[PDB]
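Before any questions on binding or motion, here is one chain by itself as structure tokens, the form deposited in one PDB entry.
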């Protein structure tokens, strides 16, 4: 109704950046205290690796391409350092927060020695456009809540342009347990329901080819879901 203010109306990019710029540039920092002294990094990587294994038959490169990925909302590069580098031929990263970018050069040093890091785009995803046709995989994890719904639809539409033939978008994010989105004043982001995600994916012209629950996380955390998305055919 005219009286309701949507959860995503409260998002302010500047407030998110102010929060994250003061977060420690460590696994503990980006995971909000659920670092290597907890099960979370290990479970997260296992779940993502299992998801990509399930998806292997859906991700064969076409038209002479190689497995160029991008790590969206990358933080200090944890997902690339501990997971994506095994799957990908080359990795770009998108991250707006400068202390995180600076630490990424340390975290990713061994990958840089191989030339496996292409470009680090120091930008919010809302202002980023992939090069057309570049990516085999666009991996978005624990970051799309920083964009309101309309902006997230727009971002996903730009992602489609950035996909190789048979490229894939993965979104690995929290879900609220009910059909009402939650705004977090801490990081100026929304947590969405599964139903909201499915609406957004449809509006963006994406088909859901897999939806899997991340297992093994502490019960006090929101559920986490992995979504694999392909553009709808013309």
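Positions refer to the first chain, counted from 1.
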Averaged over C-alpha atoms, is the B-factor higher for 163 to 171 or for 27 to 35 in this PDB entry?
-> 27 to 35
As the entry reports it, the stretch among 101 to 109 and 146 to 154 with higher mean C-alpha B factor is 101 to 109
Chain-relative CA temperature factor third for residue 183 | highest
Determine, from the deposited record, the chain-internal third of the Cα B-factor for residue 56: lowest, middle or highest.
-> middle
For residue 176, return the chain-relative third of its C-alpha B-factor as stated in the PDB record: lowest, middle or highest.
-> highest
Against its chain's modelled residues, does residue 215's Cα B factor rank lowest, middle or highest third?
-> middle
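Not pictured, yet referred to below: the form solved in complex with a partner chain.
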Here the chain appears without its partner; judged in the deposited bound form, the stretch of 46 to 54, 163 to 171, 24 to 32, 199 to 207 with heavy atoms within 4.5 Å of the partner chain is 24 to 32
Given that the partner is absent here, does residue 37 sit within 4.5 Å of the partner chain in the deposited bound form, heavy atoms only?
-> no
Heavy atom to heavy atom, is residue 216 within 4.5 Å of the partner chain in the deposited bound form?
-> no
Heavy atom to heavy atom, is residue 13 within 4.5 Å of the partner chain in the deposited bound form?
-> no
4.5 angstroms heavy atom contact with the partner chain in the deposited bound form for residue 221 = yes
